[PDB]
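A single chain comes next, written as structure tokens; it is the form deposited in one PDB entry.
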């Protein structure tokens, strides 16, 4: 089957330029339309533009006209998307998609709809600098809840686990973009109240982009 593999995540500053690639492994590459669709966090899908690798024909969405360039590359079977003059609202996940085909294998007729998609590339556009997070414990006050607060980090994502992956009652909340330009999330868990003074709870925070690893023990706070 046709498989699309995109480049890794990128972090850019306003005004700069970013280029995302899509390696099209399989089918034929030259005959079928490769389109780019982006998605801002918590928003819908937006079509940006497309290219047939041969020719090479390219259509752009009016909202991106002039600011955007989409390229083929038949030699490597790889599509390219370059967006310049970036701004904070360009922060989104960018997907590359190839249209589907019917009627014999890679010798088939195009349908128009995007039947094949990439895994997507997260592109953050900020004025902030890569920073490791500070992990402060949300100590517990039947069933009692406690957790860890992952505050002030850049950029996304951050991964939190409990007792090194050991899962029930775990709630890791989506990060929010603070006014400080950094991200902050909270991770809670519900555990029996009669286990809190005996049991060890350790939340494992991992921020790959800043190469940071913190394992914070949440124990009963006492006054």
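Numbering follows the first chain given and starts at 1. We call the rigid core the largest set of C-alpha positions that still match within 1.5 Å between the two forms.
This protein has a second form, the form deposited with a partner chain bound, left out of what is shown; the following refers to that one.
K.L.:
Answer with yes or no whether residue 73 is in contact with the partner chain in the bound PDB entry, where contact means some heavy atom within 4.5 Å.
P.N.:
Outside the cut-off, so no.
K.L.:
Is there any non-hydrogen atom of residue 108 lying within 4.5 Å of the partner chain in the bound PDB entry?
P.N.:
Within the cut-off, so yes.
K.L.:
Indicate whether residue 27 is a 4.5 Å heavy atom neighbour of the partner chain in the bound PDB entry.
P.N.:
No, residue 27 sits far enough from the partner chain in the bound PDB entry that none of its heavy atoms falls within 4.5 Å.
K.L.:
In the bound PDB entry, is there a heavy atom of the partner chain that lies within 4.5 Å of any heavy atom of residue 158, even though the partner is absent here?
P.N.:
No - in the bound PDB entry, heavy atoms of residue 158 and the partner chain never come within 4.5 Å of each other.
K.L.:
Superpose on the rigid core, then tell me if the C-alpha of residue 107 is displaced by 2 angstroms or more between the shown form and the other one.
P.N.:
After core superposition, the C-alpha of residue 107 moves 2 Å or more between the shown form and the other one.
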